[PDB]
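Student: Shown below is the structure under consideration.
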2 protein chains.
Amino acid sequence: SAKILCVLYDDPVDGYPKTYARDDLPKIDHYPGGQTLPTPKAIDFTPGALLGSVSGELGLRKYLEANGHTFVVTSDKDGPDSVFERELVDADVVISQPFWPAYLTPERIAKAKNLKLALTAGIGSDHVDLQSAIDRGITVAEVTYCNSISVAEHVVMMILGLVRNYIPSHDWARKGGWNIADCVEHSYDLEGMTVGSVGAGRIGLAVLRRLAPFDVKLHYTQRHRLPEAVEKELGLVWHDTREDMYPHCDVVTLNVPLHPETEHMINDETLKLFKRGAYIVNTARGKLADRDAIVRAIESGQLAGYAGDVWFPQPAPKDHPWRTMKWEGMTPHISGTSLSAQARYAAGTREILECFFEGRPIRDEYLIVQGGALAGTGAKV
Amino acid sequence: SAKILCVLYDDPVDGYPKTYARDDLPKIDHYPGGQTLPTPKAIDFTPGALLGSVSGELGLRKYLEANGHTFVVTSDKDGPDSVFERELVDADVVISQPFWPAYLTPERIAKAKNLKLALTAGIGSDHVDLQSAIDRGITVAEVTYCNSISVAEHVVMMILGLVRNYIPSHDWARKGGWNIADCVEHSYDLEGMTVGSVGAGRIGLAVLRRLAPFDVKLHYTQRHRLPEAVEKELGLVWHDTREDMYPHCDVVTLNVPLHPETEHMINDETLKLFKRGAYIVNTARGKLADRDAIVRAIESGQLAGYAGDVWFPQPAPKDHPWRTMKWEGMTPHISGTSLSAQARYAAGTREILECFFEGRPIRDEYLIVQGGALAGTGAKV
Ligand SMILES: NC(=O)c1ccc[n+]([C@@H]2O[C@H](COP(=O)([O-])OP(=O)(O)OC[C@H]3O[C@@H](n4cnc5c(N)ncnc54)[C@H](OP(=O)(O)O)[C@@H]3O)[C@@H](O)[C@H]2O)c1
Ligand SMILES: NC(=O)c1ccc[n+]([C@@H]2O[C@H](COP(=O)([O-])OP(=O)(O)OC[C@H]3O[C@@H](n4cnc5c(N)ncnc54)[C@H](OP(=O)(O)O)[C@@H]3O)[C@@H](O)[C@H]2O)c1
């Protein structure tokens, strides 16, 4: 009946794990600010398992097949001949994660005659073309706050890694060297620097709370300013615009969604506004930053470092210039798919599927598109 | 007259820097808790310069030769035929940095007929044999607090780096891969975990303040408990002994000096007390952890990661097992010699020399051994 097409990334090359490094995941009561953790009616997995790969199946097979649904799992997602595009024509639901995203391009949504729900197992639905989903009445949902703390932790890690020159230094240790001067001729403390966040949402504000005790000057921007109390707790400095903020910052971190208003906000023009030796960490989306502008700004010294886990095209080509540029601290798109995060957004995925199929309302936090218009968290993009 | 022997690390392999990545270091007013930054009569360098390598000379040659002292700088420090051992015979002062340490072994202190001051440009004087210094009336001093905050940043960066599996993931990025499942089959959030510090000194407490907003549970141990007032601010949980603390901790960080009571405090015996999949970050000294005990603990799964910048011997042999073990996030000893940190301990170095040669007292907080007994900070070992 209702076909669920599920696009997950490949198992590890040495095989799906028969052992994890630890015996249980920490208990998270609620998210900061009070949003409750996902509330499926049950879960068919043990928290800490690898839920996000083809063998993990997000703990959904037994649930869906119990309610008579077809459940198709694949990692083959790129191309017109891919298993995704072939099973897409009559799928009722599509689930994919931003880390290995099933791109729902305009022509693919055109092919998906039966599609009623496009479900982002994670946060951020920029791989689903909103224009078509709004036009065609498809519902688009995501698991709000599932990995925001995971990404916030990754962000602070990469800031410190860039300022202190971690990645090149570790190369010297693994390669048999010592080379103190080679490591530290590009190594600074973060202490006292000015850090600016584009976006003080769930990730952005979590980053700012975590940076406060490093004795840094915290600046931020977005469309709607935060309440003074919050600004004063952390000592935040507000800016109407991004461009007003960049010249102040030793470090800039990006923490906004990807839609047209924010695409290529970091480019050859805006990059001129940064101090010399500025650092950028982008854990939001790759297309927020003009790819080759970052490279050129690295090669010229405008930037002393770039780091992130987000790229475009998500499965970044082996030749992607960010992989080999100087002063890079990049990782694949992994921040939001830590084993701790997977436990939450796999339950959230199930909560949404239960709500969708039982005729119960999908959390307003979760909603991006519903009933042919933006809805819930999507209306606030 | 009066010879000052100074051991510094080599210049970068591609040459001493002419163009630095940034234009200026942030201005730090005082250290946390109120200790004033170093107070020399002048500095003959620009903060942000590379003062710790042989060409930097810690900004000391012009000062020293102005007052008639001989000034000898070398990086050749290990071996009986080394320039350091052949110049130590009649040196009145010896300066070396922990990151490239001139080991003042008992046999070398015996040959040092004119030695009166052993100045640690940094923190931790374990490269100088304490017993011989006490027996011989030599003064031993270090620039307390000069890079305690720098190390606190390195620790939190390496905790996150280990828990989240940063280094192996970056290898997947630089090598042309994607391999999400390979990265995250060993990646967790830090949120909610329990972190324990051995030592809540200048580094330890700075680490604990920085970990608070990560929503981790914070434990600590040392010989003397901290004021509950402070304990209640960070929500610290106190433990009488280390062995009492280890079973609770998902992460343990070592932040104590190297003495007999702390040497090899992590060994095949105590490691049995750790949770499976525990993380250790050691930015204190290499000999706090039995080298092969760590390796064995990694291979068995007792530890899910080991990271630090401190090893033994330093310089670490190319075959050091910590450089190639699984789940390692090592860097050479660089935390305390970031360009920001060098500016401070090069000034402190000059302050102490001025105090020493002018007959003015060295600050109590700088003193380790003086006049045949432990002194100042060294009295608190
Ligand atoms: N694993 C990963 O790498 C990963 C994981 C999760 C999310 N992400 C990315 O991070 C983004 C943010 O996540 P989050 O949980 O922090 O989201 P959120 O709670 O929706 O916060 C988004 C923030 O963007 C700000 N913003 C500033 N300019 C904006 C603009 N022009 N359009 C829209 N928003 C703008 C918003 O403030 P105002 O709109 O009020 O100005 C808001 O503070 C996601 O949408 C996704 O793209 C990445
Ligand atoms: N990697 C680097 O670049 C770098 C840089 C600076 C320092 N370090 C290392 O880090 C060490 C600590 O630095 P710091 O600035 O935090 O020093 P500190 O201010 O002297 O603090 C040392 C701490 O160790 C605690 N401690 C616990 N057990 C101890 C024992 N058995 N004996 C002595 N002290 C004990 C002390 O508290 P109690 O007295 O109550 O026990 C104290 O809080 C240095 O000595 C050095 O070895 C490394």
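Starting from 1 in every chain, residues are counted up; chains themselves are A, B, ... following the order of the structure tokens, and ligands are numbered from 1 as listed.
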Mind listing as an MDAnalysis selection string which residues of chain A are within 7 Å of chain B, counting only C-alpha atoms?
Tutor: chainID A and resid 9:13 21:22 26:28 50 53 150 157 160:161 169:170 173:174 176:178 180:182 184:189 192:193 209:210 213:214 276:277 301 304 315 318 323:324 329:332 334 337:340
Student: As JSON, numbers by chain, please: the residues near residue 225 in chain A (cut-off 9 Å, only C-alpha atoms, same-chain neighbours under 2 positions excluded).
Tutor: {"A": [200, 221, 222, 223, 227, 228, 238, 239, 240]}
Student: Run DSSP on the backbone and tell me which residues of range 99-334 of chain A come out as strand (DSSP E or B); list them as a count of residues only.
Tutor: 42
Student: Find the spatial neighbours of range 36-38 of chain A, counting only C-alpha atoms, within a cut-off of 8 Å - ignore same-chain residues fewer than 2 positions away - and output them as a PyMOL selection string.
Tutor: chain A and resi 29-31+34+40+146+344-345+347-348+351
Student: Please provide the set of residues having any atom within 7 Å of range 279-293 of chain B, restricted to only C-alpha atoms, with same-chain residues fewer than 4 positions apart removed, written as an mmCIF file with N, CA, C and O atoms, in the first residue's frame.
Tutor:
data_model
loop_
_atom_site.group_PDB
_atom_site.id
_atom_site.type_symbol
_atom_site.label_atom_id
_atom_site.label_comp_id
_atom_site.auth_asym_id
_atom_site.auth_seq_id
_atom_site.Cartn_x
_atom_site.Cartn_y
_atom_site.Cartn_z
ATOM 1 N N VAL B 151 45.952 26.073 27.769
ATOM 2 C CA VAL B 151 45.782 24.631 27.897
ATOM 3 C C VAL B 151 44.317 24.285 28.121
ATOM 4 O O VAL B 151 43.822 23.271 27.616
ATOM 5 N N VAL B 155 42.297 21.484 26.048
ATOM 6 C CA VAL B 155 41.653 20.338 26.683
ATOM 7 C C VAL B 155 40.238 20.171 26.154
ATOM 8 O O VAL B 155 39.846 19.093 25.689
ATOM 9 N N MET B 158 40.058 19.021 22.696
ATOM 10 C CA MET B 158 40.483 17.604 22.558
ATOM 11 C C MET B 158 39.430 16.681 23.172
ATOM 12 O O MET B 158 39.376 15.561 22.724
ATOM 13 N N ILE B 159 38.713 17.083 24.217
ATOM 14 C CA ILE B 159 37.574 16.317 24.714
ATOM 15 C C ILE B 159 36.525 16.177 23.619
ATOM 16 O O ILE B 159 36.112 15.070 23.259
ATOM 17 N N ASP B 250 32.673 9.517 32.174
ATOM 18 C CA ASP B 250 32.751 9.192 30.757
ATOM 19 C C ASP B 250 34.011 9.785 30.146
ATOM 20 O O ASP B 250 34.537 9.250 29.163
ATOM 21 N N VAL B 251 34.484 10.895 30.709
ATOM 22 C CA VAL B 251 35.696 11.585 30.288
ATOM 23 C C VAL B 251 36.474 11.931 31.550
ATOM 24 O O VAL B 251 35.885 12.361 32.547
ATOM 25 N N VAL B 252 37.790 11.745 31.514
ATOM 26 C CA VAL B 252 38.671 12.157 32.602
ATOM 27 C C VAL B 252 39.781 13.005 32.003
ATOM 28 O O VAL B 252 40.416 12.595 31.026
ATOM 29 N N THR B 253 40.026 14.176 32.585
ATOM 30 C CA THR B 253 41.112 15.038 32.137
ATOM 31 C C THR B 253 42.099 15.235 33.278
ATOM 32 O O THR B 253 41.703 15.439 34.429
ATOM 33 N N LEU B 254 43.385 15.157 32.953
ATOM 34 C CA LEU B 254 44.452 15.269 33.937
ATOM 35 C C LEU B 254 45.048 16.666 33.857
ATOM 36 O O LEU B 254 45.453 17.113 32.779
ATOM 37 N N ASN B 255 45.130 17.339 35.000
ATOM 38 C CA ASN B 255 45.519 18.744 35.056
ATOM 39 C C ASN B 255 46.336 18.996 36.316
ATOM 40 O O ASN B 255 46.076 19.921 37.087
ATOM 41 N N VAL B 256 47.339 18.152 36.530
ATOM 42 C CA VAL B 256 48.190 18.229 37.714
ATOM 43 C C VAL B 256 49.645 18.232 37.271
ATOM 44 O O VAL B 256 49.971 17.837 36.140
ATOM 45 N N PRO B 257 50.545 18.696 38.132
ATOM 46 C CA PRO B 257 51.975 18.604 37.820
ATOM 47 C C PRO B 257 52.460 17.166 37.929
ATOM 48 O O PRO B 257 51.784 16.277 38.452
ATOM 49 N N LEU B 258 53.669 16.949 37.421
ATOM 50 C CA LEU B 258 54.326 15.651 37.503
ATOM 51 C C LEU B 258 55.224 15.677 38.735
ATOM 52 O O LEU B 258 56.245 16.373 38.758
ATOM 53 N N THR B 262 52.061 11.733 41.497
ATOM 54 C CA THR B 262 51.190 11.737 40.331
ATOM 55 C C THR B 262 51.780 10.988 39.150
ATOM 56 O O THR B 262 51.056 10.720 38.185
ATOM 57 N N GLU B 263 53.054 10.615 39.207
ATOM 58 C CA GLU B 263 53.665 9.923 38.084
ATOM 59 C C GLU B 263 53.014 8.558 37.901
ATOM 60 O O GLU B 263 52.822 7.811 38.866
ATOM 61 N N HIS B 264 52.682 8.236 36.652
ATOM 62 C CA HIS B 264 52.015 6.984 36.294
ATOM 63 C C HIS B 264 50.766 6.750 37.139
ATOM 64 O O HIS B 264 50.451 5.619 37.518
ATOM 65 N N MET B 265 50.037 7.824 37.442
ATOM 66 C CA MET B 265 48.776 7.648 38.149
ATOM 67 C C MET B 265 47.750 6.916 37.295
ATOM 68 O O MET B 265 46.789 6.361 37.838
ATOM 69 N N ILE B 266 47.937 6.904 35.978
ATOM 70 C CA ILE B 266 47.139 6.102 35.058
ATOM 71 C C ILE B 266 48.018 4.957 34.584
ATOM 72 O O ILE B 266 49.031 5.177 33.909
ATOM 73 N N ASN B 267 47.631 3.736 34.934
ATOM 74 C CA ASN B 267 48.439 2.562 34.657
ATOM 75 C C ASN B 267 47.498 1.386 34.453
ATOM 76 O O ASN B 267 46.275 1.524 34.536
ATOM 77 N N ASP B 268 48.075 0.219 34.172
ATOM 78 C CA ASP B 268 47.242 -0.955 33.950
ATOM 79 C C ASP B 268 46.347 -1.247 35.147
ATOM 80 O O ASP B 268 45.276 -1.842 34.985
ATOM 81 N N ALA B 297 45.151 -0.243 26.899
ATOM 82 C CA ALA B 297 43.769 0.094 27.227
ATOM 83 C C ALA B 297 42.982 0.505 25.990
ATOM 84 O O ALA B 297 41.758 0.331 25.948
ATOM 85 N N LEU B 303 39.455 2.082 26.789
ATOM 86 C CA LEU B 303 39.408 3.490 26.429
ATOM 87 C C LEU B 303 38.847 3.632 25.022
ATOM 88 O O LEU B 303 39.222 2.881 24.116
ATOM 89 N N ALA B 304 37.934 4.581 24.843
ATOM 90 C CA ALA B 304 37.436 4.918 23.517
ATOM 91 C C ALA B 304 38.237 6.036 22.866
ATOM 92 O O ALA B 304 37.988 6.368 21.703
ATOM 93 N N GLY B 305 39.194 6.610 23.580
ATOM 94 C CA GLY B 305 40.038 7.631 23.008
ATOM 95 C C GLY B 305 41.058 8.122 24.005
ATOM 96 O O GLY B 305 40.793 8.175 25.209
ATOM 97 N N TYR B 306 42.241 8.464 23.516
ATOM 98 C CA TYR B 306 43.230 9.153 24.322
ATOM 99 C C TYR B 306 43.748 10.321 23.507
ATOM 100 O O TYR B 306 44.053 10.168 22.320
ATOM 101 N N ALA B 307 43.847 11.478 24.143
ATOM 102 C CA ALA B 307 44.324 12.669 23.470
ATOM 103 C C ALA B 307 45.076 13.510 24.483
ATOM 104 O O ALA B 307 44.738 13.527 25.667
ATOM 105 N N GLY B 308 46.124 14.158 24.009
ATOM 106 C CA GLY B 308 46.858 15.128 24.795
ATOM 107 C C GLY B 308 47.950 15.666 23.908
ATOM 108 O O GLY B 308 48.135 15.212 22.777
ATOM 109 N N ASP B 309 48.745 16.583 24.438
ATOM 110 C CA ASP B 309 49.855 17.172 23.659
ATOM 111 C C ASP B 309 51.173 16.864 24.360
ATOM 112 O O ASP B 309 52.218 17.174 23.809
ATOM 113 N N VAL B 310 51.093 16.251 25.530
ATOM 114 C CA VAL B 310 52.315 16.030 26.349
ATOM 115 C C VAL B 310 52.727 14.557 26.287
ATOM 116 O O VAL B 310 51.857 13.688 26.416
ATOM 117 N N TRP B 311 54.016 14.307 26.079
ATOM 118 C CA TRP B 311 54.495 12.907 25.984
ATOM 119 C C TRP B 311 55.814 12.767 26.737
ATOM 120 O O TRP B 311 56.247 13.748 27.370
ATOM 121 N N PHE B 312 56.393 11.573 26.699
ATOM 122 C CA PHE B 312 57.738 11.347 27.277
ATOM 123 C C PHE B 312 58.374 10.265 26.408
ATOM 124 O O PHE B 312 57.665 9.284 26.133
#
Student: Can you pull out every residue within 9 Å of range 124-127 of chain B, counting only C-alpha atoms, but drop anything in the same chain fewer than 4 positions away, and send it as an mmCIF file with C-alpha atoms, in the first residue's frame?
Tutor:
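Generated file (out_9.cif):
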data_model
loop_
_atom_site.group_PDB
_atom_site.id
_atom_site.type_symbol
_atom_site.label_atom_id
_atom_site.label_comp_id
_atom_site.auth_asym_id
_atom_site.auth_seq_id
_atom_site.Cartn_x
_atom_site.Cartn_y
_atom_site.Cartn_z
ATOM 1 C CA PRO B 98 58.581 22.381 28.454
ATOM 2 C CA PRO B 101 62.978 20.792 27.365
ATOM 3 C CA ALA B 102 66.620 21.016 28.421
ATOM 4 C CA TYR B 103 66.554 18.076 30.822
ATOM 5 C CA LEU B 104 68.435 18.984 34.009
ATOM 6 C CA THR B 105 69.028 15.427 35.103
ATOM 7 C CA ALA B 118 66.733 27.191 36.299
ATOM 8 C CA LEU B 119 63.972 29.309 34.633
ATOM 9 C CA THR B 120 61.042 27.401 33.100
ATOM 10 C CA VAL B 140 63.740 26.957 40.222
ATOM 11 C CA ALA B 141 61.040 29.289 38.895
ATOM 12 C CA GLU B 142 58.312 29.198 36.255
ATOM 13 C CA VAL B 143 55.872 31.683 34.720
ATOM 14 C CA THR B 144 52.818 30.562 36.640
ATOM 15 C CA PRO B 257 51.975 18.604 37.820
ATOM 16 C CA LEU B 258 54.326 15.651 37.503
ATOM 17 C CA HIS B 259 55.622 14.638 40.939
ATOM 18 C CA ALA B 284 49.604 18.035 31.892
ATOM 19 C CA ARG B 285 52.674 15.811 31.482
ATOM 20 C CA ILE B 368 59.368 26.386 43.007
#
Student: Residues within 7 Å of residue 115 in chain A, please, as a ChimeraX atom specification. Count only C-alpha atoms; anything in the same chain fewer than 3 positions from it doesn't count.
Tutor: /A:91-93,112,138
Student: I need the residues in range 157-294 of chain A that are helix (DSSP H, G or I) according to DSSP; give them as a ChimeraX atom specification.
Tutor: /A:157-164,166-174,180-184,202-214,228-234,246-248,270-273,286-288,291-294
Student: Deliver the residues from the most recent selection as a file, using C-alpha atoms, as a short mmCIF file (atom, residue, chain, number, x, y, z; two decimals), in the first residue's frame.
Tutor:
data_model
loop_
_atom_site.label_atom_id
_atom_site.label_comp_id
_atom_site.auth_asym_id
_atom_site.auth_seq_id
_atom_site.Cartn_x
_atom_site.Cartn_y
_atom_site.Cartn_z
CA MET A 157 35.29 22.12 18.50
CA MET A 158 36.10 23.50 15.05
CA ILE A 159 36.54 27.10 16.24
CA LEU A 160 39.11 25.92 18.77
CA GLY A 161 40.63 23.60 16.18
CA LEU A 162 41.06 26.44 13.70
CA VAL A 163 42.43 29.06 16.08
CA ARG A 164 44.82 26.62 17.77
CA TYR A 166 44.81 21.34 15.67
CA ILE A 167 44.59 19.49 12.34
CA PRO A 168 48.09 20.35 11.01
CA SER A 169 49.58 19.74 14.46
CA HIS A 170 48.03 16.29 14.71
CA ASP A 171 49.46 15.52 11.27
CA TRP A 172 52.93 16.23 12.68
CA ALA A 173 52.31 13.82 15.58
CA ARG A 174 50.98 11.00 13.35
CA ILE A 180 56.67 22.90 17.59
CA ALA A 181 57.39 26.07 15.63
CA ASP A 182 55.68 24.73 12.51
CA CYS A 183 52.50 24.07 14.48
CA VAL A 184 52.39 27.25 16.53
CA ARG A 202 18.76 26.55 18.55
CA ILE A 203 22.28 25.87 17.26
CA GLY A 204 23.48 29.47 17.28
CA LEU A 205 22.42 30.27 20.83
CA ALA A 206 23.78 26.94 22.05
CA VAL A 207 27.11 27.87 20.47
CA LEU A 208 27.00 31.28 22.14
CA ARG A 209 26.19 29.86 25.57
CA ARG A 210 29.08 27.44 25.20
CA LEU A 211 31.50 30.13 24.10
CA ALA A 212 30.71 32.55 26.94
CA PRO A 213 33.17 31.02 29.47
CA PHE A 214 36.06 31.19 26.99
CA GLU A 228 17.55 41.79 26.19
CA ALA A 229 17.65 39.41 29.18
CA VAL A 230 19.26 36.68 27.01
CA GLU A 231 21.54 39.23 25.44
CA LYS A 232 22.63 40.37 28.91
CA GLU A 233 23.09 36.87 30.43
CA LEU A 234 25.70 36.05 27.73
CA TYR A 246 31.84 40.95 10.02
CA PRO A 247 34.51 43.70 10.49
CA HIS A 248 34.36 43.21 14.27
CA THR A 270 31.32 40.04 1.59
CA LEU A 271 34.63 38.31 2.31
CA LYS A 272 36.36 41.67 1.89
CA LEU A 273 34.60 42.90 5.06
CA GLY A 286 27.53 24.44 2.17
CA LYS A 287 25.71 26.80 -0.19
CA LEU A 288 25.75 29.60 2.38
CA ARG A 291 32.81 27.51 -2.68
CA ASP A 292 35.64 29.04 -4.71
CA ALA A 293 35.46 32.34 -2.82
CA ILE A 294 36.41 30.46 0.35
#
Student: Mind pulling up the distance from CA of residue 148 in chain A to atom 8 (N, counted along the ligand's line) of ligand 1?
Tutor: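 Value for the atom 8 (N, counted along the ligand's line) of ligand 1-CA of residue 148 in chain A distance: 7.0 Å.
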Student: Using only C-alpha atoms and all ligand atoms, can you tell me which of A:122, A:196, A:361, A:56 comes closest to ligand 1?
Tutor: A:122
Student: Got a sec: who's within 12 Å of residue 88 in chain B, counting only C-alpha atoms, leaving out chain neighbours fewer than 2 positions off, as an MDAnalysis selection string?
Tutor: chainID B and resid 3:7 72:74 77 80:86 90:95 102:105 107:118
Student: Restricting the calculation to only C-alpha atoms and all ligand atoms: of A:381, A:64, A:362, A:133, which residue gets closest to ligand 1?
Tutor: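 Between A:381, A:64, A:362, A:133, the residue approaching ligand 1 most closely is A:381.
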